Amino acid sequence: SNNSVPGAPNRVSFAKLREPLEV
Amino acid sequence: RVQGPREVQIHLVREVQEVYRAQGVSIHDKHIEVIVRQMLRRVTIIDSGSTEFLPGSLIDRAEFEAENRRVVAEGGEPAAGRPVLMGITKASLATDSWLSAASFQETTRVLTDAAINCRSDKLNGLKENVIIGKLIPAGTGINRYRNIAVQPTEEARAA
Amino acid sequence: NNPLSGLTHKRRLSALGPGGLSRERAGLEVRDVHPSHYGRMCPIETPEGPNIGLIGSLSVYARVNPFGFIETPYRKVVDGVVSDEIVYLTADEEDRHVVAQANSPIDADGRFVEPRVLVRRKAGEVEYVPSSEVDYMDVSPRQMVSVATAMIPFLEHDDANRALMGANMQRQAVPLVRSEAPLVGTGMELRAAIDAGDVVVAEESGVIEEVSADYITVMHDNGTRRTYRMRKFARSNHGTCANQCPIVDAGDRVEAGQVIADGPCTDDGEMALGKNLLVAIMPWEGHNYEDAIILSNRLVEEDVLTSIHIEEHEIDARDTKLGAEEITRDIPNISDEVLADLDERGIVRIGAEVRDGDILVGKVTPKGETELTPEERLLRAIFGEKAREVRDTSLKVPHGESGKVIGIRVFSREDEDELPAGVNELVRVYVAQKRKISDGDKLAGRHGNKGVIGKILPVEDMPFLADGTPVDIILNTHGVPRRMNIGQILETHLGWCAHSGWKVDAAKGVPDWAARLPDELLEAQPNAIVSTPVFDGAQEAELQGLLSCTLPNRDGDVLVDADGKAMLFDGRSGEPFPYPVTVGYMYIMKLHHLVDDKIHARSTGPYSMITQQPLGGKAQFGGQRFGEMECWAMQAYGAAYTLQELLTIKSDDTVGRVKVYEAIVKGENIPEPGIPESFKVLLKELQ
Amino acid sequence: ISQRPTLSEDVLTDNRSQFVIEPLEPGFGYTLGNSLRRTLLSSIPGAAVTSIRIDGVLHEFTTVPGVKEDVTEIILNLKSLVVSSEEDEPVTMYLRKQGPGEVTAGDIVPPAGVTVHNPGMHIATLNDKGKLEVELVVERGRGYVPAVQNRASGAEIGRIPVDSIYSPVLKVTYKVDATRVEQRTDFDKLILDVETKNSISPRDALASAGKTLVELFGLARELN
Amino acid sequence: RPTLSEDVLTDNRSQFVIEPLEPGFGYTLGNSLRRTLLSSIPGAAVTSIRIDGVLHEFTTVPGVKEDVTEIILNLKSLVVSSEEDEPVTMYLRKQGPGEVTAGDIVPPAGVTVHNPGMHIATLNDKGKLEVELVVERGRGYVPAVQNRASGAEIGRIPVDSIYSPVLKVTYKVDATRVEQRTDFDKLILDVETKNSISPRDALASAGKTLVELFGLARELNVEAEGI
Amino acid sequence: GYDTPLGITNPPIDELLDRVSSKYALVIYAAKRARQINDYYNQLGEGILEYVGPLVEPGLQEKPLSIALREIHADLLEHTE
Amino acid sequence: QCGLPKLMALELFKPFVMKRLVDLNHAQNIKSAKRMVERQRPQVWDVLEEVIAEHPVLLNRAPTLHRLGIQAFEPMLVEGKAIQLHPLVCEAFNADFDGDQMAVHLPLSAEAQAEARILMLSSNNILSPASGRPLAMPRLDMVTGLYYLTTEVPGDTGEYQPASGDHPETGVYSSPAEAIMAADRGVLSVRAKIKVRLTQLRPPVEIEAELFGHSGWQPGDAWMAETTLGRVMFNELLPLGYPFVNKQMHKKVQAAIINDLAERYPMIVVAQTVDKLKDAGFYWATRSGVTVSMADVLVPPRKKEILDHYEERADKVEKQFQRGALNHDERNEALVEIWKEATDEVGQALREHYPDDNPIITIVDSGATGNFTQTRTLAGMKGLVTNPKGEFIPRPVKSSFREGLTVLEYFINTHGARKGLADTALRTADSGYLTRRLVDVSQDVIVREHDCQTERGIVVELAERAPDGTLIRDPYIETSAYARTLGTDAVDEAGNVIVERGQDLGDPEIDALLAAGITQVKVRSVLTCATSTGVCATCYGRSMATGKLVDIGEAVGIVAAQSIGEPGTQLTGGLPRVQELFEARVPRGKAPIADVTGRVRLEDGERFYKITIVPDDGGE
DNA sequence: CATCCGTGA
Ligand SMILES: [Mg+2]
Ligand SMILES: [Zn+2]
């Protein structure tokens with residue numbers, strides 16, 4: 001997932017793990 | 001001043017061309033020459049002579065050699081003339097019609113001078129005619145083509 | 001324009017305005033991209049026109065400090081060890097320090113991999129620097145971009161020229177009848193939709209007590225009830241269709257901050273700026289020559305690219321010197337066939353159909369008691385009909401406009417509705433149109449790939465795959481490598497993998513190419529949604545591999561190859577196209593440049609009050625301008641009579657244009673032009 | 001160098017059916033199955049809704065009190081409604097349902113000679129206190145006929161013209177087995193693939209396709 | 001409105017104009033009618049030949065101007081109608097100075113040559129020429145490698161068989177404006193045939209042929225259609 | 001030797017240009033005759049002594065310019081500058 | 001022709017339709033006929049169809065940079081609300097289809113329509129008045145489509161095979177009607193080299209003389225050829241009477257054919273011929289199989305190998321500067337050279353690695369569109385980027401766009417991309433201003449007479465004398481001589497005159513002087529010829545658009561201005577140089593010239609250059 | 001040949 005914060009549809013992401021801060 | 005009026009024309013045309021050559025643009029020398037021709041149509045007044053030509057004034061070759069053709073027949077001193085090269089801007093401003101000049105650039109300057117010299121405009125040009133709404137003095141506008149009578153051949157006749 | 005249009009426009013960095021600079025004062029230094037703009041202001045998003053570089057958007061992660069400067073977040077590295085502690089830095093403060101790039105490899109604890117890493121330094125200079133000297137590092141790879149910019153998948157594959165247009169055009173997207181989320185995302189599509197305010201977010205947690213198309217009621221945990229009303233079929237500032245629909249069903253458990261109902265251009269709380277179209281990268285009978293676009297008629301028969309457009313028509317009744325304007329159903333010399341769609345007051349009835357020229361609000365005004373024509377006096381004695389003193393001043397439908405009347409707003413001075421001095425009755429009729437997509441409508445993708453619809457073929461004419469499915473959109477191959485925006489190509493590949501679904505081979509282990517691929521993407525369903533964050537996400541090796549993973553259709557056959565291409569059949573000749581064509585799915589947006597607005601013409605009409613020339617604009621029904629540049633073209637040709645006509649009897653010849661209209665309708669010859677009234681003006685201005 | 005009258009075989013499935021036609025001329029199979037494909041997708045007669053009316057509604061762009069959907073989304077849901085009518089002239093259907101619960105294509109009441117083939121189709125989720133009285137008009141036609149045409153005829157202000165997708169055909173394709181073995185054994189075998197909407201049979205679709213084409217190719221045979 | 005059929009003419013070929021077709025049926029009718037005239041009409045042509053003074057191909061025939069190649073080609077253009085399916089054989093022999101044509105050919109019973117004025121080869125003095133021809137029947141076009149064993153291996157030459165009596169067909173699809181609709185299709189069709197059959201007849205046969213195909217489909221129900 | 005000229009390309013301008021001094025002349029040449037033909041039709045209804053009518057067969061609803069341009073090709077007009 | 005919307009035209013011809021409505025009694029007067037058109041009654045759509053009959057309209061597309069910016073068309077009523085435009089005139093309007101609009105002006109007066117159909121009709125303005133080259137030629141899909149079939153593929157199927165063994169000659173067909181049936185069966189490739197007997201195509205001039213003795217080829221006379229099936233279909237368009245062309249159709253090849261057709265064959269032939277080419281280009285662009293994939297775009301094999309070589313040659317330069325043996329001005333100057341060399345070797349790595357099947361290269365090398373420098377950027381590497389100063393950055397973008405640029409790379413490329421868009425907007429403003437100055441200065445310049453009669457002209461260098469012998473064509477031949485008219489009889493060494501005076505120089509008339517040996521001709525110029533007002537016709541010579549002598553009355557002054565300003569957008573001296581020349585400014589360079597001819601006396605000093613010249617003829 | 005004001009882009 002990318003933004004697992006609100007209760008959103010699951011959009012899987014090619015990524016290096018981004019945990020600095022939410023937009 | 002070194003190589004004369006004809007050489008300076010050939011130099012401009014090819015130096016101009018050289019810029020469009022490098023970037024892959026092909027303009028025929030013809031079109032360039034048309035503009036170049038318009039730059040040298042004026043010669044300056046070295047000595048006034050008997051003429052009414054103010055010294056240090058750029059006047060057309062046609063006018064310069066026709067006034068020096070009238071004064072030569074009059075008996076007075078002809079004005080000494082040296083050829084002069086003009087940039088297209090000031091050349092466009094030095095035009096005979098104040099209408100064409102004012103409708104180009106520096107409109108406040110054109111009118112100030114023209115209203116003082118009492119310059120009368122013969123509405124005979126492209127920019128001149130378009131403004132007043134006359135047919136332009138070129139193409140299908142010239143009297144040669146404009147005044148044409150078309151009639152059926154004597155062979156052609158109602159049935 | 002869209003939930004993003006607002007968003008983008010709510011945060012803009014303009015150097016224009018009072019206290020700032022003028023457009024002519026700005027040289028070439030003010031406009032270009034400065035080094036300090038990193039993470040603060042976007043280098044991509046800026047207008048194309050004469051305002052370029054003087055207008056920009058704020059970078060995503062940036063914020064404003066109490067002194068009016070722009071701060072930006074960086075992660076703090078103690079000693080080669082990344083710390084979650086974050087401090088916001090200003091422009092000049094960062095220059096005194098040294099910053100590492102976001103994508104630099106980091107230990108699971110927090111340490112760096114290589115001693116020398118990529119380093120950002122004052123004055124836009126960059127060098128390799130030992131790990132002992134590293135002060136800070138970027139928050140995100142996508143730190144330097146703006147909101148609309150980060151919504152461009154595979155941004156780092158498109159040149160800044162087209163990527164610029166890719167950002168600018170998203171702004172002009174149009175809200176469709178219903179909207180789908182893109183198969184290829186970037187992750188930004190969620191937070192953009194929420195922070196737009198044009199969706200409905202739940203304030204406090206609870207359960208949906210009742211849901212209707214009109215409103216949603218939420219039963220909280222403490223007992224209180226908040227009701228969220230749905231904006232239904234409202235006209236935006238730009239005539240687009242702000243229409244909201246409830247997502248949740250009655251009885252759903254909803255937490256705080258969750259989207260319970262989204263608006264236009266939104267699908268399940270995500271920015272839905274377009275549709276997912278089955279693309280084909282090929283020339284086709286020239287109909288897509290020079291950036292034109294061919295569409296499947298399926299997009300017309302299934303309203304896939306159909307939009308609703310609302311217009312507000314206004315008219316008032318004032319107090320005049322000859323009496324007062326009154327809004328009535330009785331208009332002089334009009335049949336009952338024309339008035340048929342009005343009510344008793346003179347207003348059109350809601351739901352009625354209106355075409356151009358028809359009457360919306362019947363108003364008549366007392367015309368001045370001037371001596372009527374002796375020839376019209378004679379004409380009124382024969383038929384014995386006495387003239388009324390009321391002239392028709394009705395509100396008719398403007399040329400081009402048409403649709404269904406979807407509401408009336410009337411304000412009367414009588415009904416105590418407070419009006420400006422002089423006005424009695426004011427009427428507002430609202431008319432919506434259901435514009436399907438047609439020829440000349442400007443479409444675009446996110447990669448600066450624009451163009452208009454050249455032709456929409458019948459569904460059968462369309463180049464189709466082996467299983468019979470016809471493609472939706474046929475883009476031309478020629479206009480791709482030139483623009484350097486081959487991110488539209490990568491979107492097509494990943495777009496196909498997302499539609500078919502895939503499954504990496506786990507037998508004999510996890511393959512070496514899909515080794516950096518996170519676990520959750522090793523198996524995907526048909527019609528799956530994925531994220532390709534800018535400066536992260538998919539890489540060319542994984543994309544190529546995924547093209548091999550493509551799951552077969554219902555008939556048990558794979559349709560595209562490892563190249564991403566497939567074999568098409570020409571729907572016209574039947575024979576198969578000689579070579580494999582690149583097929584996949586692309587996200588295409590409907591931009592707000594529609595022919596139904598753009599088209600305009602005029603025989604005769606209104607004229608300038610001073611120069612006596614035609615007026616200008618479609619709004620005033622004015623004619624085109626034949627400028628100084630166009631008069632040179634005529635002059636060059638030598639078409640004196642054409643040029644003369646345009647500037648005389650076609651323009652401001654007061655007596656000419658009238659006698660030209662008569663010569664035409666009588667079928668005679670065009671008379672000789674006179675004197676341009678404008679020239680008379682000049683000779684008087686000189687005087 | 002061989003002569004044999006052709007065949008027209010069949011390998012079935014409920015919704016879709018494979019037709020096998022052989023033996024055909026070399027390089028003829030493609031431009032033959034295509035002429036059927038283009039006849040199917042465009043000019044096969046079917047039936048669908050043309051116009052509707054709702055209680056308390058005068059135009060497409062509004063909401064019924066108590067219902068979750070708006071008329072736009074409701075009309076858009078009814079586009080996937082599958083209908084088959086024998087009445088060559090227009091007929092009127094009905095749908096009336098009140099209180100809580102869901103309404104479907106099953107609650108539609110088709111008169112004599114009209115049949116709904118997909119009753120499980122969702123139309124609208126009527127919450128409590130929500131009432132929905134509708135009135136649908138069904139006609140026979142072919143291809144695709146836009147809504148915009150109904151309105152100018154004289155249709156009263158109550159009516160809401162809806163797009164018509166008459167085409168009962170779903171998806172058509174083909175593949176060809178050409179035996180190019182160097183001999184007088186060179187022929188093509190056609191495998192046509194036709195899937196319908198459960199409005200008509202795949203066979204009945206190929207039959208109306210042929211009847212059309214036969215009548216068209218009969219004008220090339222008539223003398224001057 | 002029911003569709004019309006028209007004709008603009010020339011001796012060997014002519015153009016046919018079909019209008020007005022229901023929108024989208026021009027192309028639906030286009031390539032399907034072309035591939036029928038070119039492939040689905042039976043005739044007769046030369047399968048293989050045999051020359052007396054030939055043991056290999058590169059050397060020309062003794063006493064003949066033309067090469068071995070240019071004679072095969074001239075023979076390909078020979079138009080012939082055989083009455084029996086089974087392969088027949090015709091002999092063409094001539095000697096001395098002059099020119100050999102298609103009227104010099106000795107044809108079997110029920111086998112007709114339709115262009116007896118066709119140039120074939122220019123023989124000179126002391127120039128002998130004896131040729132055995134093998135005539136079969138079929139459809140369309142068949143390559144030469146497929147006919148490499150249809151003559152005695154003492155100089156048997158495989159020839160490209162052009163069975164089809166229709167030579168070349170092209171088509172264009174313009175749009176005619178019916179009523180207010182400018183969507184209707186107009187089909188123009190160019191057809192050139194041999195000297196065997198008229199184009200006007202080659203279409204009727206090509207037209208009747210296809211009616212049979214679409215019969216199979218129609219037989220099942222004959223539900224609905226309108227003209 | 002070419003294909004049949006369609007619509008506004010007929011009469012072929014090349015053959016039109018053989019019967020005139022320049023492109024510009026042909027314009028006034030034709031147009032002034034187009035004026036005569038349209039006069040004749042408007043005058044004839046109520047006036048005698050009109051210019052000579054169409055020296056060729058007028059196509060159904062043929063434009064006066066299109067009439068003139070054809071009879072120029074028929075050499076049925078005289079040319080004066 | 002042009003597609004005019006049914007909605008646009010009705011308001012355009014509104015009083016022309018009202019006229020015929022009361023003619024055919026649909027309306028009783030002019031007031032009611034007006035009401036009919038506004039209500040859009042179904043009657044008027046039949047009436048309007050008759051009104052616009054051969055009544056030309058104008059299509060203007062701004063900016064109007066040259067006179068072909070406004071062209072006439074025969075209006076065609078069309079469903080929809082968009083204007084339909086011909087794919088060829090897009091080169092003239094410089095109009096694409098990314099949302100471009102066009103103004104429409106309807107001529108009323110009898111003279112105006114005459115001017116439109118004759119002077120301004122698009123089918124008459126085929127050539128550029130600036131160069132005489134075709135603008136209405138195959139351009140994008142068309143060129144790639146034709147280039148397809150005229151290509152000769154070596155081992156493709158159906159190819160001609162010599163006779164050997166027991167099998168005769170394979171690949172020889174009697175007629176084009178046969179070869180058509182072969183590819184229809186699947187035996188023949190439309191790109192394979194075969195042998196066919198043709199009956200309706202005139203053979204090459206070199207072969208016509210061999211097979212007929214120039215007995216005058218005739219429709220029916222046969223001859224054998226060695227081309228491909230596609231090259232035959234292509235020559236049926238040119239069509240008859242034009243010598244067969246057995247080559248593959250690069251754009252330059254197609255540019256030659258049309259330019260030849262412009263000369264000899266008449267206008268209505270060219271207009272129809274080029275039209276056929278368009279229809280052929282698109283149909284074959286379709287079945288050309290030209291498609292962009294991630295697979296068709298391949299990164300070089302020695303990608304990392306080559307870049308490691310020059311990065312190693314770079315680190316050597318960095319360490320040579322680290323010791324301070326290299327100047328800072330010299331350090332980057334060498335670093336620029338290293339990576340410039342690197343980028344080249346990457347491009348070479350693509351050409352040979354890329355099949356000529358590759359659609360990315362197929363489009364580039366066929367002159368259709370795109371540069372290989374784009375292909376390099378896409379598949380190889382971006383290379384050097386420009387500084388805000390303009391100088392090339394010492395740091396190189398090693399990544400291609402297929403691989404994905406690094407975050408920092410995208411940043412610096414973007415900077416350059418923007419400043420490019422800014423300048424492209426600023427030059428245009430300068431270009432249009434220069435244009436308007438040029439127009440005003442040459443407005444009184446019109447062709448008023450037929451001949452000045454003066455013998456004055458100017459010398460043109462026809463060709464340069466090769467050192468070994470023979471001759472070398474001058475590079476300025478096309479632009480300085482080819483359209484001129486002679487001012488003096490051109491004689492060789494003999495007393496024999498090759499070209500008379502008063503003769504226009506054509507293509508073969510250059511070769512008559514080129515082979516004769518004469519390398520200098522005197523030609524009548526606009527400069528030399530002197531008349532009262534404007535210029536003469538003869539001096540000016542061949543109008544680049546007509547291919548014939550300029551008509552008396554043409555405003556050659558304005559056309560010249562447009563012809564100079566139109567392509568001014570494509571410059572780097574540059575455009576400021578062009579202004580510096582036409583405005584006669586005392587230049588920046590200010591290079592000195594010799595006052596009197598003589599022996600040069602160089603006496604350089606390190607602080608200053610001084611040049612003395614001893615006069616050749618006495619003098620001081 | 002280099003500055004100061006006014007006029008354009
Ligand atoms: Mg554009
Ligand atoms: Zn002269």
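A chain's residues are numbered here from 1, following its sequence as written, a convention that may not match the entry; residues for which no coordinates exist are omitted. Here every chain gets a letter starting at A, and every ligand a number starting at 1, in the order they are written. Consider the displayed chains a part of a larger assembly; each reported value belongs to this part rather than to the entire assembly. To get the side-chain values, all heavy atoms of the structure are used, and hydrogens and water are removed first. Residues with missing side-chain atoms are left out of burial classes, side-chain pairs and their counts.

1. Description of the packing of helix α12 (residues 656-665) of chain C against helix α2 (residues 14-23) of chain G
Packed helices, taken two at a time, are described by the angle their axes make and the gap between the axes.
Piece 1. Orientation of α12(C) relative to α2(G), taken along the N-to-C sense of each, is 35 degrees, at an axis distance of 8 Å. You can see that α12(C) and α2(G) cross each other, and the crossing is right-handed. Every residue of α2(G) that contacts α12(C) at C:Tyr661, C:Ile664 and C:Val665 is listed here: G:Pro15, G:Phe16, G:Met18 and G:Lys19.
Piece 2. Considering only residue class, the contact of α12(C) with α2(G) consists of 6 nonpolar, no polar and 1 charged. Note on geometry: axes are C-alpha line fits, over the in-contact stretch for helices, and angles between N-to-C directions span 0 to 180 degrees. The helix and strand labels rest on DSSP assignments: H or I over at least four residues marks a helix, E over at least two residues marks a strand, and numbering proceeds from the N terminus. Should the near helix be turned counterclockwise from the far one by less than a right angle, the crossing is left-handed, whereas a clockwise turn marks it as right-handed. Residue contacts are defined here by distance: any two heavy atoms, one from each residue, within 4.5 Å place the two residues in contact. Residues are sorted three ways: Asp, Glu, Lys and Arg are charged, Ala, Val, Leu, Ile, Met, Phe, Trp, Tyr, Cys and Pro are nonpolar, and all the rest, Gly among them, are polar.

2. Let's talk about the sheet that holds strand β2 (residues 16-24) of chain D
All names here are of chain D.
Piece 1. Strand pairing is assigned whenever DSSP identifies at least 2 bridges connecting the two strands. If you trace the 4 strands from one edge of the open sheet to the other, you get β1-β2-β16-β15, paired in antiparallel fashion. The two strands at the open ends of the sheet, each matched to only one other strand, are β1 (9-11) and β15 (169-179). Neighbour to neighbour, the strand axes of the sheet diverge by 20 degrees on average, direction disregarded.
Piece 2. Contacting β2, β15 and β16 (187-196), helix α1 (residues 30-43) crosses the sheet at an angle of about 175 degrees to β15.

3. Quick notes on the domain arrangement of chain D
Residues and elements named next belong to chain D.
Piece 1. Where each domain starts and ends comes from a domain assignment, either automatic or drawn from a database. Segmentation of chain D into domains returns domain 1 (1-45 + 167-224) and domain 2 (46-166).
Piece 2. Taking only C-alpha atoms into account, the centre of domain 1 sits 35 Å from that of domain 2.
Piece 3. Opposite the 9 residues of domain 1 that make contact, domain 2 presents 11 residues.
Piece 4. The term buried area refers to how much accessible surface (probe radius 1.4 Å) is lost by two components on association, counted for both of them together. Of the roughly 710 Å² buried where domain 1 meets domain 2, counting both sides, 49% is carbon and sulfur surface.
Piece 5. Of all residues in domain 1, the largest losses of buried area upon contact with domain 2 belong to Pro45, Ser167 and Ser199, amounting jointly to 54% of the total for that side.

4. Some points on the coordination of the zinc ion (ligand 2)
Octahedral metal centres with six donors ideally show angles of 90 or 180 degrees, and tetrahedral centres with four donors ideally show 109.5 degrees.
All names here are of chain G.
Piece 1. Only N, O and S atoms count as donors, using a 2.8 Å limit from the metal and a wider 3.2 Å limit for Na, K and Ca, and since water is excluded some coordination spheres may look unfilled. For the zinc ion (ligand 2), the full set of protein donor atoms is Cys452 (SG), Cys529 (SG), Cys536 (SG) and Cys539 (SG), and the range of their distances to it is 2.5 to 2.7 Å.
Piece 2. All donors to the zinc ion (ligand 2) come from one chain, and their sequence spacing reads C-x76-C-x6-C-x2-C. Of this pair, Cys452 sits in the loop between α17 (407-441) and β11 (458-461) while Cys529 sits in the loop between β17 (520-524) and α20 (556-565), and the two are 77 residues apart along the sequence. Residue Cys452 shares its accessibility class with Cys529, and that shared class is buried. The buried label applies to any residue whose accessible area, calculated with a 1.4 Å probe on protein chains only, is under 20% of its type's maximum; exposed applies above 50%, and partly exposed to all values in between.

5. Concerning unusual backbone geometry
Piece 1. Put simply, D:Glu22 and D:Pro23 share a cis peptide bond, and its omega is -5 degrees.
Piece 2. Looking at the element boundaries, D:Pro23 is found in strand β2.
Piece 3. Cis geometry marks the peptide bond from G:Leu238 to G:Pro239, where omega comes out at -10 degrees.
Piece 4. Tracing the backbone shows G:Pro239 in the loop between α10 (229-235) and α11 (251-263).
Piece 5. With phi around 60 degrees, C:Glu416 is a residue other than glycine that occupies positive phi space.
Piece 6. Mapped onto the secondary structure, C:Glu416 falls in the loop between β29 (403-412) and β30 (423-435).
Piece 7. One non-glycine residue, C:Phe621, lies in positive phi territory at about 60 degrees.
Piece 8. Assignment of secondary structure puts C:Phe621 in the loop between α9 (595-598) and α10 (628-637).
Piece 9. Overall, the relative accessible area of 17% leaves C:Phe621 in the buried class.

6. Considering the side chain of G:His66
All names here are of chain G.
Piece 1. Looking at the secondary structure, you find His66 in the loop between β2 (57-60) and β3 (70-73).
Piece 2. Residue class for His66 comes out buried when judged on its relative accessible area of 11%.
Piece 3. What qualifies as a polar contact is a pair of N or O atoms within 3.5 Å, subject to a donor-acceptor requirement within protein and to the restriction that residues adjacent in sequence count only when both atoms come from side chains. A distance of 2.8 Å separates a polar atom in the side chain of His66 from the backbone oxygen of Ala92.
Piece 4. Residue contacts for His66: discarding those within four places in its chain leaves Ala92, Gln562 and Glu566.

7. Considerations on the interface of chain G and chain C
It is common to give the size of an interface as the accessible area that goes away when the parts come together.
Piece 1. Counting from both sides, the interface comprises 100 residues of chain G and, opposite them, 107 residues of chain C.
Piece 2. Of the roughly 9,300 Å² buried at the junction of chain G and chain C (both faces included), carbon and sulfur atoms supply 63%.
Piece 3. We count a salt bridge whenever a side-chain nitrogen from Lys or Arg sits within 4 Å of a carboxyl oxygen from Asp or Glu. One can count 8 salt bridges joining chain G with chain C.
Piece 4. The closest approach of N and O atoms between G:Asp296 and C:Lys565, which form a salt bridge, is 2.1 Å.
Piece 5. Taken together, the links from chain G to chain C amount to 42 residue pairs in polar contact.
Piece 6. Looking at the side of chain G that touches chain C, the element that brings in the most residues is α17(G), giving 16 residues.

8. Focus on the state of the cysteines
Piece 1. Disulfide assignment relies on a single distance test, namely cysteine sulfur atoms paired within 2.5 Å. Inspection of the entire model under this criterion finds 1 disulfide over all chains.
Piece 2. Sulfur-sulfur distance for the disulfide between G:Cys536 and G:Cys539 comes to 2.0 Å. Note on accessibility: G:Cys536 and G:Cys539 belong to one class, buried.
Piece 3. The thiol of C:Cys497 is unpaired, and the distance to the nearest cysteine sulfur, on C:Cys549, comes to 7.5 Å.

9. A closer look at the interface of chain C and chain E
Piece 1. Listed by partner, the interface residues are 4 residues for chain C and 4 residues for chain E.
Piece 2. Across the chain C to chain E interface the summed buried area is about 430 Å²; carbon plus sulfur atoms make up 38%.
Piece 3. Per-residue buried area on chain C facing chain E is highest for C:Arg572, C:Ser573 and C:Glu575; these three make up 77% of the total on that side.
Piece 4. Applying the counting criterion to the chain C and chain E interface returns 1 salt bridge.
Piece 5. With its nearest N and O atoms 3.0 Å apart, the salt bridge here joins E:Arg35 to C:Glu575.
Piece 6. The interface formed by chain C and chain E contains 4 residue pairs in polar contact.
Piece 7. Grouping the constituent residues of the side of chain C that touches chain E by class yields no nonpolar, 1 polar and 3 charged.

10. Notes on the coordination of the magnesium ion (ligand 1)
All names here are of chain G.
Piece 1. Around the magnesium ion (ligand 1), the protein supplies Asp96 (OD), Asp98 (OD) and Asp100 (OD) as donor atoms, at distances of 2.4 to 2.6 Å.
Piece 2. Read in sequence order, the donor residues coordinating the magnesium ion (ligand 1) give the pattern D-x1-D-x1-D.
Piece 3. Overall, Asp98 belongs to the buried group, its relative accessible area being 14%.

11. Focus on the pattern of salt bridges
Residue and element names in this part refer to chain C.
Piece 1. On inspection of all chains with the given rule, the structure shows 109 salt bridges over all chains.
Piece 2. In this structure, the salt-bridge partner of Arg111 is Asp107, at a minimum N-O distance of 3.8 Å.
Piece 3. Take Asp107: its relative accessible area is 31%, and that puts it in the partly exposed class.
Piece 4. One salt bridge connects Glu180 with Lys275, and the closest N-O pair in it is separated by 3.8 Å. You can see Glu180 sitting in the loop between α3 (160-171) and β10 (184-185) and its partner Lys275 sitting in strand β20 (residues 274-281), a full 95 residues away along the chain.

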